[PDB]
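*Asks:* Here goes the first bit of my complex:
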Amino acid sequence: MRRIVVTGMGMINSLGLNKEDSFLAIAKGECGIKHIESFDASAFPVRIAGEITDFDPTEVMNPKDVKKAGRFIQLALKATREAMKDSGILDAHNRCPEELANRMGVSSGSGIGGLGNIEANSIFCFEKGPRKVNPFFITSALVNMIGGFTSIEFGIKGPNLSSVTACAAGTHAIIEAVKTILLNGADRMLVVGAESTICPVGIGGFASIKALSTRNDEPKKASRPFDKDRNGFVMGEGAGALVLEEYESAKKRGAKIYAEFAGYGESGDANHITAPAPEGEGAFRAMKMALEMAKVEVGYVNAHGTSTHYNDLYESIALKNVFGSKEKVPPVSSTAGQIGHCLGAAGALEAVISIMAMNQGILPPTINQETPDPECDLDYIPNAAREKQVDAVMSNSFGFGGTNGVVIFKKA
Amino acid sequence: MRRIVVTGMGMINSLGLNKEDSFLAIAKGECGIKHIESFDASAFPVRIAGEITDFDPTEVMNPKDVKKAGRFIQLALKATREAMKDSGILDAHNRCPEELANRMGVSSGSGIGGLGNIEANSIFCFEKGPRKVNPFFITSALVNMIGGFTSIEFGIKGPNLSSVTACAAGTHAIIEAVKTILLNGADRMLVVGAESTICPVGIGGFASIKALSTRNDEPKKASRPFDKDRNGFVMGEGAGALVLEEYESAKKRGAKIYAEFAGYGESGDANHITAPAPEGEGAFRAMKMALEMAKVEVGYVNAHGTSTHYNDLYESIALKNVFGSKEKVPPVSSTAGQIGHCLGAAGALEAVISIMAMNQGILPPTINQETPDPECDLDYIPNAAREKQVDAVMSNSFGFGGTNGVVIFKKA
Amino acid sequence: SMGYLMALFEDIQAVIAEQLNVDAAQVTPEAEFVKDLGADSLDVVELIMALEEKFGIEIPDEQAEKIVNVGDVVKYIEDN
């Protein structure tokens, strides 16, 4: 129907402040996992995370407004600024031109948003009463304030939408923006997934369900998707952003074309609140619908691959079932070894990584591959990047509640 | 595009446990706002709220599971069960039939989800360490766990989506469901908006920005949309649910047809993080695109009408501007006087209310109209229900971040 | 202390029955949590937490993985 292209991209994570530094480090197999220093984790069973240590919020927003945004929003403003500037849309005042503004919206994704801000104000209220609740609390913490702050920063007035589907939020935010443009609700959409939940109650929430790796002595070796010695994910923080644009409108503008959206799929397991469906059946169906909509040959799969026992196993089964056999599965890698699993932000970050991999003919590797898992027997691009040109890339995301999202982007 | 109908409806709020009792009490101009009892609010500047005092979670789920779901999810399970039975779609075992399960999804809406649960576990972790964070914390609090628990409860395996656009979430949940059916991503969608935030940090958050009414002495007169003595909203809890179905699919299986979806509009102000755009400019565009999209004569408008000075003013200005003059605005009312403003759930509750008003030729009134506000000069159906047959109804929702959603339903 | 042992065992039984919403009739010392009591991974870790609070005990995680039937938990409580 209407064709949609990617015309700008940005990302920030524990291996870089922009997409060129970050992707280069990811492709070389570096690892940004470190010991948690953003709070005191001395007494915690999990003390490692993909923390971003060189991020200065003052460089993205006025100091007065910094206290008005949870960290996840600060990271979203960094990623979207990079993508909007990257797109060439912005005028001399770094605004959307007033005559394009009503047809450019924003689709944001996050799992919980400002958790640390709710935690901090919950404790203020409990210790010293509601008079100690900070007035900037609510608007610093709500997931949709990603789109609130970004739409204001860029003057974009189209549909302002926000997805909160757990670890698949970043990917659903892409799909909802695609749907909006397909139904002529917008000509352009800013997409951004963002998450920052490295805080006591966040780490504690995932450790009490035993979903986090406790390889505290070697942080850079704890996140190891598909490896036999994996033992839980490592939580990362970050944000990825994309500008989607209707094709004719992109060409007319003179936009640069990173990729053209090809297909998507969405499903629910209706099985368990945290574990995936047997055989990754819901993932299978989402990948199937995406593949049948795209009608292309996928040369690279960026898997969700969080480094838990259940997710890597059942994603590999579903992959093998959807492509037909193990040999028929394209090269797959999860970059969660490099930057941690960034939850809500993961799908957005991993779409940027996937597109960049296609732009450059460099497929990033799944790191810390040391002991083959007989149940995980796909080609995971082990330890080192694979120079290979591909014509289309697929990115998978799954979240608690059994919600699944898949997107495919093809060469321009 | 594909035609879409509402075939089942449910709701629970401070005036009823089901849509029949609730709507009757609302059309009667009754008021469910009470002194807060769910927590000790004695030291709080705001001590009133739309509390549901007769809801029993063990009637919607087994006792073992109640601990696993925040109150907003419990209310959602109540509302969706009602709507799923009403729709007549459930098999002999109260599940969606398997042959239809893959093509029925869920679109859920909430603003913050399980705030009380995040608050509790934040304090547990701040008093006894991370080992005291309950394993059921995360999946009890995430907004998309509405879709999580409901999809498992009814075995629906289609797209599982979640909107978190603050006070407009319930309306965006409807629209995302419509988008999904229109693009053939599903044949049916369970829609549900649910919110329950009556807790210390929830009340304190809104009090600290002076958003809430402090008329604690008369909880029945506190909420007064468009009245000259309005002085802030009253927080309400509840959930509303719809079953949407592609029109031919509903005819084939002989479904009850409450209404047909007619049009929608979505926009962002890109102006301010809490205050409405001047002249309701963003709200105007969303309303105009829903009206241009529905191409029907709207006989009744359920306004957002939260009973704040700025919102009710700027919504009234946008209403006159979009229809042409105050004389050309159809009859309008806000039911937030009756049940409070239910935040992310309001858009879902207010669509059920609006369709039922159309079904029964009874337009509910805006209560507590005691002093005309010269700036708010519309026909707000003051104090008493009006008998009028309408052929189309429009429902408005706006949220923090300047995000706007509008839907129109037409008589079947 | 036969009486003390009986008391401790009855406390454990009540706790398990309340958590899993199962009758104390089905909680046999040989009863398996997943097969015989309808509990999953999440239910187990939450039950172990309640027991540690219900008895001020602190089971290490390593040993907690090594639980299959209610008997293992009751024995561990006995060793207390």
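*Replies:* Done, it's in. Numbering: from 1, shown residues only, chains lettered A, B, ... in the order given.

*Asks:* make it CA atoms for all contacts and neighbour counts henceforth
*Replies:* Fine.

*Asks:* What is the burial count for residue A:133?
*Replies:* Residues near residue A:133, counting by other Cα atoms under 10 Å in any protein chain shown, number 28.

*Asks:* right, and it touches residue A:126 too?
*Replies:* No. With contact defined as Cα atoms under 8 Å, residue A:133 does not reach residue A:126; the gap is 9.6 Å.

*Asks:* Contacts for the lengthiest helix in chain C, please.
*Replies:* The residue-count maximum for a helix in chain C (DSSP state H) belongs to helix C:2-20. Helix C:2-20 is contacted from outside by B:64, C:22-24, C:27, C:37-39, C:43, C:47, C:50-51, C:54, C:74, C:77-78, using Cα atoms under 8 Å, 6 or more residues apart in numbering or on different chains.

*Asks:* change it to 10 Å
*Replies:* Helix C:2-20 is contacted by residues B:63-65, B:67, C:1, C:21-29, C:33, C:37-40, C:43-44, C:46-48, C:50-51, C:54-55, C:70-71, C:73-75, C:77-78 when judged by Cα atoms under 10 Å, 6 or more residues apart in numbering or on different chains.

*Asks:* Which ChimeraX command selects the buried ones in the residues you listed?
*Replies:* ChimeraX command restricting the contacts of helix C:2-20 to the buried ones, with burial defined by 16 or more other Cα atoms under 10 Å in any protein chain shown:
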select /B:64,65 /C:21,22,27,33,37,39,43,44,46,47,48,50,51,70,71,73,74,77
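
*Asks:* and the contacts of helix C:2-20, which of them are in helices?
*Replies:* Those of those lying in helices (DSSP H): B:63-65, C:33, C:43-44, C:46-48, C:50-51, C:54, C:70-71, C:73-75, C:77-78.

*Asks:* Of all the residues in chain A, which one is nearest chain C?
*Replies:* Per Cα to the nearest Cα, residue A:209 is where chain A lies closest to chain C, at 6.6 Å.

*Asks:* number of nearby residues for that residue?
*Replies:* When neighbours are counted by other Cα under 10 Å, residue A:209 registers 21.

*Asks:* measure it to residue A:203 for me?
*Replies:* Look at residue A:209 and residue A:203: by Cα to Cα, to the nearest Å, they are 10 Å apart.

*Asks:* what residues are shared contacts of those two?
*Replies:* Common neighbours of residue A:209 and residue A:203 (Cα under 10 Å, 6+ apart) are residue B:133.

*Asks:* Flag every residue of chain C that's near chain A.
*Replies:* Contact residues (Cα under 10 Å from any Cα of the partner chain) of chain C with chain A: C:41, C:42, C:43, C:44, C:45, C:46, C:49, C:61.

*Asks:* Name the nearest residue to the third one, ignoring sequence neighbours.
*Replies:* If I follow you right, that is residue C:43. The shortest distance from residue C:43 to any non-neighbouring residue, by Cα to Cα, 6 or more residues apart in numbering or on different chains, is to residue C:20 (7.2 Å).

*Asks:* ditto for the fourth one
*Replies:* With Cα to Cα, 6+ apart as the measure, residue C:33 is the residue that lies nearest to residue C:44, at 7.6 Å, once sequence neighbours are left out.

*Asks:* Sequence for chain D below, add it please:
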Amino acid sequence: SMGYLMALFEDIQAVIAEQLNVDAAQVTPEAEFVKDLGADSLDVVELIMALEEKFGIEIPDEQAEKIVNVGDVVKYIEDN
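*Replies:* Adding chain D to what we have so far:
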């Protein structure tokens, strides 16, 4: 306590400039927050709250409501 009053004025001017990202210089006695300091309704409430904390005081809601210029808050804290 003229010197004490002067120190209090200095502290209040510092707090205001920090919360509104403005130079103390702009914090004149006749300084309206919205027109002269670039503050809005949200900035105003959080500013008044920082004062209460920085000065361990409690501005009742009525006096806080009438605050228009820096000098209003200044007087209130003087008569504290």
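
*Asks:* since we added chain D, can you redo the contacts of helix C:2-20?
*Replies:* By Cα under 10 Å, 6+ apart, the surrounding residues in contact with helix C:2-20 are B:63-65, B:67, C:1, C:21-29, C:33, C:37-40, C:43-44, C:46-48, C:50-51, C:54-55, C:70-71, C:73-75, C:77-78.

*Asks:* same thing with stretch C:73-80?
*Replies:* With Cα under 10 Å, 6+ apart as the test, stretch C:73-80 has contacts from C:5, C:8-10, C:12-13, C:29, C:48, C:51-52, C:55, C:57-59, C:63-64, C:66-67, C:71-72.

*Asks:* after the helix or strand residue A:248 falls within comes which helix or strand?
*Replies:* Element membership for residue A:248 (DSSP states H and E) is helix A:247-253. Later in the chain than helix A:247-253, the nearest helix or strand by DSSP H and E is strand A:259-268.

*Asks:* Partner strands of that next one and their direction?
*Replies:* strand A:4-12 (antiparallel), strand A:403-410 (antiparallel) (DSSP bridges).

*Asks:* Please produce TSV containing the ones you listed, extended by mean neighbour count.
*Replies:* Formatted as TSV, these follow (neighbours: other Cα atoms under 10 Å in any protein chain shown):
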stretch	mean neighbour count
strand A:4-12	28
strand A:403-410	30
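
*Asks:* quick one, which of the ones you listed is nearest to residue A:226?
*Replies:* strand A:403-410 (19.2 Å; Cα to Cα).

*Asks:* rewinding a little: now tabulate the strands paired with strand A:259-268 in JSON lines and tack on distance to residue B:153.
*Replies:* Output for the strands paired with strand A:259-268, formatted as JSON lines (distance: least, Cα to Cα, whole Å):
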{"stretch": "strand A:4-12", "distance to residue B:153": "36"}
{"stretch": "strand A:403-410", "distance to residue B:153": "14"}
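
*Asks:* Could you point out which of these sits nearest residue B:168?
*Replies:* Closest approach to residue B:168 among the strands paired with strand A:259-268 is made by strand A:403-410 (22.1 Å; Cα to Cα).

*Asks:* quick revisit: now tell me what touches the helix holding residue A:248 from outside.
*Replies:* For helix A:247-253, using Cα under 10 Å, 6+ apart, the contacting residues are A:2-7, A:87-89, A:187-188, A:244-245, A:254-257, A:260.

*Asks:* Selection in PyMOL covering whichever of those residues are buried, please.
*Replies:* Only the buried entries of the contacts of helix A:247-253 go into this PyMOL selection, using 16+ other Cα under 10 Å:
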select buried, chain A and resi 4+5+6+7+87+88+89+187+188+244+245+255+256+257+260
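
*Asks:* Quick one: check stretch A:219-235 for contact with chain B.
*Replies:* No. Using Cα under 10 Å from any Cα, stretch A:219-235 stays clear of chain B, with a minimum separation of 14.4 Å.

*Asks:* to the chain's geometric centre, what's the distance from that stretch?
*Replies:* 18 Å (Cα atoms, centre = their mean, to the nearest Å).

*Asks:* go on, stretch A:250-261?
*Replies:* In terms of Cα atoms, centre = their mean, the centre of stretch A:250-261 is set 22 Å apart from its chain centre.

*Asks:* cool, stretch A:392-409 as well?
*Replies:* 10 Å.

*Asks:* so residue A:240 is in which element?
*Replies:* Per DSSP H and E, residue A:240 falls inside strand A:238-246.
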